[PDB]
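Undergrad: I'd like to ask some things about the structure below.
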Amino acid sequence: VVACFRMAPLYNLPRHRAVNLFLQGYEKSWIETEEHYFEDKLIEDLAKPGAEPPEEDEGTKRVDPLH
Amino acid sequence: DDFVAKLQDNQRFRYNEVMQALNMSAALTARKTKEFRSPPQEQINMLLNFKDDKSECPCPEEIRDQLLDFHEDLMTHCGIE
C-alpha cells in the first residue's frame, strides 16, 4: 500500500504536466459534453429559397443550397 | 496556468488535512485517500466533475466558480448562445 501512497498527487507534478492533464480532462469532461441544438435552424436556412424572384433569375427556380 | 496552480495548492492542503486527521479514524482514511492514490488522469477527471449537480468532486465553490466563468466566456467566444 506504501507503493500507492508514495505515488505523487497532482501537487507534486510539474506545472506543465498537470496543465496538459487538465487540458485533456477539461476536453472530455466539458467540451465534449457541452451540446447545442442547431440542425433544425441550419437545415431550415439552407432549405429557404433565397430571394430567387428578388435577384435576377428570369428562368427556372434555382436549386436551393440544401439541394 | 493559474487554475491548475490553485487546484494543486488546494490538493496539497486537503492532503495535509487528511494526514493530520489520519490519527482519529484509520478506517475512514482508506477511502479518504483513495483520491490521492488514484492515477493523475483520474485525479483530473474527479476534480473536474463539478459540472451538473452530481458534486462528488472535492473542489470548493471558489475554484469551481472560476472554471464556470471561463467556460461561459469560452462559449460566448465560440458564439454558442
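Order determines the names: the first chain of the C-alpha cells is A, the second B, and so forth; residues in each chain are numbered 1 upward, and ligands are numbered 1 upward as they are shown.
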With a distance cut-off of 12 Å and only C-alpha atoms, select the neighbouring residues of residue 47 of chain B, excluding the residue or stretch itself and same-chain residues fewer than 2 positions from it, and output the selection as number ranges by chain.

TA: A: 10, 21-22, 25-26, 29; B: 3-4, 7-8, 10-11, 35-36, 38, 40-45, 49-51, 55-60, 63-64, 67

Undergrad: Go ahead and save the picked residues with C-alpha atoms, as a compact mmCIF listing (two decimals), in the first residue's frame.

TA:
```txt
# COMPACT_ATOMS: atom_id res chain seq x y z
CA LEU A 10 -1.04 16.35 -8.69
CA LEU A 21 -3.60 16.64 -17.89
CA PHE A 22 -6.09 19.40 -17.06
CA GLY A 25 -9.64 16.23 -18.67
CA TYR A 26 -11.36 19.54 -19.38
CA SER A 29 -15.46 16.38 -19.21
CA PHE B 3 -6.31 27.35 -12.47
CA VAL B 4 -4.10 24.26 -12.13
CA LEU B 7 -6.07 23.37 -7.79
CA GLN B 8 -2.68 21.84 -6.91
CA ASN B 10 -5.77 23.06 -2.67
CA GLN B 11 -4.97 19.39 -3.21
CA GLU B 35 -8.29 10.05 -4.26
CA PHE B 36 -4.58 10.75 -3.70
CA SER B 38 -5.65 7.37 -7.85
CA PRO B 40 -3.19 11.63 -12.06
CA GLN B 41 -5.55 11.44 -15.05
CA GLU B 42 -8.30 10.06 -12.80
CA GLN B 43 -7.47 12.81 -10.31
CA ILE B 44 -8.02 15.42 -13.02
CA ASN B 45 -11.27 13.72 -14.03
CA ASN B 49 -16.58 16.86 -12.16
CA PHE B 50 -18.42 19.85 -10.70
CA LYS B 51 -20.34 20.23 -13.95
CA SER B 55 -20.95 17.24 -6.96
CA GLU B 56 -18.90 14.21 -5.88
CA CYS B 57 -15.78 16.29 -6.51
CA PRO B 58 -13.96 17.87 -3.53
CA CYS B 59 -13.48 21.11 -5.47
CA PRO B 60 -14.54 24.16 -3.42
CA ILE B 63 -12.34 27.31 -7.50
CA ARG B 64 -15.49 25.99 -9.19
CA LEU B 67 -13.89 27.49 -14.27
```

Undergrad: Using DSSP on the backbone, list every residue of chain A that comes out as alpha helix (DSSP H), and give them as an NGL selection string.

TA: :A and (2-6 or 15-26 or 39-47)

Undergrad: So, counting only C-alpha atoms, which residue among B:17, B:81, B:53, B:65 is closest to chain A?

TA: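 Nearest to chain A: B:81.
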
Undergrad: Just checking: using only C-alpha atoms, which residue out of A:19, A:48, A:65, A:2 ends up closest to chain B?

TA: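 Of the candidates, the smallest distance to chain B is held by A:19.
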
Undergrad: Could you give me, as CSV, a per-residue list for chain A showing, wherever an atom lies at most 12 Å from an atom of chain B, the closest pair of atoms and their distance in Å to one decimal, using only C-alpha atoms and sorting by chain then residue number from low to high?

TA:
```
residue,atom,partner,partner_atom,distance
A:1,CA,B:37,CA,9.2
A:2,CA,B:37,CA,9.8
A:3,CA,B:37,CA,9.2
A:4,CA,B:37,CA,5.5
A:5,CA,B:37,CA,6.0
A:6,CA,B:37,CA,8.4
A:7,CA,B:37,CA,6.8
A:8,CA,B:36,CA,7.8
A:9,CA,B:36,CA,5.5
A:10,CA,B:8,CA,6.0
A:11,CA,B:8,CA,4.4
A:12,CA,B:8,CA,8.1
A:13,CA,B:8,CA,8.8
A:14,CA,B:5,CA,10.0
A:15,CA,B:5,CA,7.2
A:16,CA,B:1,CA,8.1
A:17,CA,B:40,CA,9.9
A:18,CA,B:4,CA,6.9
A:19,CA,B:4,CA,6.2
A:20,CA,B:4,CA,9.8
A:21,CA,B:41,CA,6.2
A:22,CA,B:44,CA,6.0
A:23,CA,B:44,CA,9.3
A:24,CA,B:41,CA,8.6
A:25,CA,B:45,CA,5.5
A:26,CA,B:48,CA,6.9
A:27,CA,B:45,CA,10.2
A:28,CA,B:45,CA,8.6
A:29,CA,B:48,CA,7.1
A:30,CA,B:51,CA,7.5
A:31,CA,B:71,CA,9.0
A:33,CA,B:51,CA,9.7
A:34,CA,B:75,CA,9.4
A:35,CA,B:80,CA,9.1
A:36,CA,B:80,CA,7.1
A:37,CA,B:80,CA,9.6
A:38,CA,B:80,CA,9.6
```

Undergrad: Leaving out residue 18 of chain B and any residue of its chain fewer than 4 positions from it, which residues lie within 8 Å of it when counting only C-alpha atoms, given as number ranges by chain?

TA: B: 14, 22, 29, 32-33

Undergrad: Would you export the selected residues with N, CA, C and O atoms as a PDB file, in the first residue's frame, please?

TA:
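Result saved to again_28.pdb:
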```
ATOM      1  N   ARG B  14      -5.613  19.780   1.175  1.00  0.00           N
ATOM      2  CA  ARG B  14      -6.508  18.695   1.558  1.00  0.00           C
ATOM      3  C   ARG B  14      -5.725  17.462   1.982  1.00  0.00           C
ATOM      4  O   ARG B  14      -6.114  16.770   2.928  1.00  0.00           O
ATOM      5  N   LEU B  22      -5.612  11.570   9.982  1.00  0.00           N
ATOM      6  CA  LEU B  22      -5.453  10.120   9.930  1.00  0.00           C
ATOM      7  C   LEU B  22      -5.483   9.491  11.319  1.00  0.00           C
ATOM      8  O   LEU B  22      -5.921   8.344  11.469  1.00  0.00           O
ATOM      9  N   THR B  29      -9.659   6.756   6.595  1.00  0.00           N
ATOM     10  CA  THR B  29      -8.536   7.265   5.816  1.00  0.00           C
ATOM     11  C   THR B  29      -8.377   6.511   4.502  1.00  0.00           C
ATOM     12  O   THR B  29      -7.911   7.080   3.511  1.00  0.00           O
ATOM     13  N   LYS B  32     -10.701   7.898   2.119  1.00  0.00           N
ATOM     14  CA  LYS B  32     -10.441   9.332   2.127  1.00  0.00           C
ATOM     15  C   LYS B  32      -9.215   9.676   1.284  1.00  0.00           C
ATOM     16  O   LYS B  32      -9.156  10.748   0.670  1.00  0.00           O
ATOM     17  N   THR B  33      -8.229   8.779   1.238  1.00  0.00           N
ATOM     18  CA  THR B  33      -7.010   8.996   0.469  1.00  0.00           C
ATOM     19  C   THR B  33      -6.939   8.148  -0.794  1.00  0.00           C
ATOM     20  O   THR B  33      -5.920   8.190  -1.495  1.00  0.00           O
TER      21      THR B  33
END
```

Undergrad: Residues within 12 Å of residue 46 of chain A, please, as a ChimeraX atom specification. Count only C-alpha atoms; anything in the same chain fewer than 2 positions from it doesn't count.

TA: /A:39-44,48-50,63-67

Undergrad: What would the file look like if the residues just selected were written as a JSON list (two decimals), in the first residue's frame with N, CA, C and O atoms?

TA:
```json
[["chain", "number", "residue", "atom", "x", "y", "z"],
["A", 39, "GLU", "N", -29.32, 22.00, -35.73],
["A", 39, "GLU", "CA", -29.62, 21.36, -37.01],
["A", 39, "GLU", "C", -30.95, 21.85, -37.58],
["A", 39, "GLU", "O", -31.05, 22.08, -38.79],
["A", 40, "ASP", "N", -31.96, 22.00, -36.74],
["A", 40, "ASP", "CA", -33.26, 22.45, -37.21],
["A", 40, "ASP", "C", -33.23, 23.87, -37.76],
["A", 40, "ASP", "O", -34.07, 24.21, -38.60],
["A", 41, "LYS", "N", -32.29, 24.70, -37.31],
["A", 41, "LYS", "CA", -32.15, 26.03, -37.88],
["A", 41, "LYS", "C", -31.29, 26.00, -39.14],
["A", 41, "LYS", "O", -31.57, 26.71, -40.11],
["A", 42, "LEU", "N", -30.23, 25.19, -39.13],
["A", 42, "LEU", "CA", -29.33, 25.13, -40.27],
["A", 42, "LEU", "C", -30.03, 24.57, -41.51],
["A", 42, "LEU", "O", -29.92, 25.13, -42.60],
["A", 43, "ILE", "N", -30.76, 23.47, -41.34],
["A", 43, "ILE", "CA", -31.40, 22.81, -42.47],
["A", 43, "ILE", "C", -32.60, 23.63, -42.93],
["A", 43, "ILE", "O", -33.09, 23.47, -44.05],
["A", 44, "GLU", "N", -33.08, 24.53, -42.07],
["A", 44, "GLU", "CA", -34.13, 25.45, -42.49],
["A", 44, "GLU", "C", -33.58, 26.61, -43.30],
["A", 44, "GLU", "O", -34.12, 26.95, -44.36],
["A", 48, "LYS", "N", -34.35, 27.30, -47.26],
["A", 48, "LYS", "CA", -35.04, 28.50, -47.70],
["A", 48, "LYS", "C", -34.60, 28.88, -49.11],
["A", 48, "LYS", "O", -33.41, 29.06, -49.37],
["A", 49, "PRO", "N", -35.54, 29.02, -50.05],
["A", 49, "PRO", "CA", -35.21, 29.62, -51.36],
["A", 49, "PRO", "C", -34.89, 31.09, -51.17],
["A", 49, "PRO", "O", -35.76, 31.89, -50.81],
["A", 50, "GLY", "N", -33.64, 31.46, -51.42],
["A", 50, "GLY", "CA", -33.22, 32.80, -51.08],
["A", 50, "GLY", "C", -33.46, 33.82, -52.17],
["A", 50, "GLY", "O", -32.65, 33.97, -53.10],
["A", 63, "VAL", "N", -31.82, 25.88, -57.81],
["A", 63, "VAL", "CA", -31.74, 24.92, -56.72],
["A", 63, "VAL", "C", -31.25, 25.60, -55.45],
["A", 63, "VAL", "O", -30.29, 26.38, -55.46],
["A", 64, "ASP", "N", -31.94, 25.32, -54.34],
["A", 64, "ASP", "CA", -31.61, 25.92, -53.06],
["A", 64, "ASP", "C", -30.31, 25.32, -52.52],
["A", 64, "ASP", "O", -29.87, 24.26, -52.98],
["A", 65, "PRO", "N", -29.67, 25.99, -51.56],
["A", 65, "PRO", "CA", -28.38, 25.48, -51.05],
["A", 65, "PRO", "C", -28.42, 24.05, -50.55],
["A", 65, "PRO", "O", -27.47, 23.29, -50.77],
["A", 66, "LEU", "N", -29.50, 23.66, -49.87],
["A", 66, "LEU", "CA", -29.64, 22.28, -49.44],
["A", 66, "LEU", "C", -29.70, 21.34, -50.63],
["A", 66, "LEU", "O", -29.08, 20.26, -50.62],
["A", 67, "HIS", "N", -30.43, 21.73, -51.67],
["A", 67, "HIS", "CA", -30.49, 20.92, -52.88],
["A", 67, "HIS", "C", -29.11, 20.78, -53.52],
["A", 67, "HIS", "O", -28.75, 19.68, -53.96]]
```

Undergrad: Atom CA of residue 69 of chain B to atom CA of residue 32 of chain A: how many Å, to one decimal?

TA: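 Result for atom CA of residue 69 of chain B versus atom CA of residue 32 of chain A: 17.6 Å, one decimal.
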
Undergrad: Quick one, how far is atom CA of residue 54 of chain B from atom CA of residue 31 of chain B?

TA: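 According to the coordinates, atom CA of residue 54 of chain B and atom CA of residue 31 of chain B are separated by 18.5 Å.
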
Undergrad: Atom CA of residue 52 of chain B to atom CA of residue 73 of chain B: how many Å, to one decimal?

TA: 17.7 Å
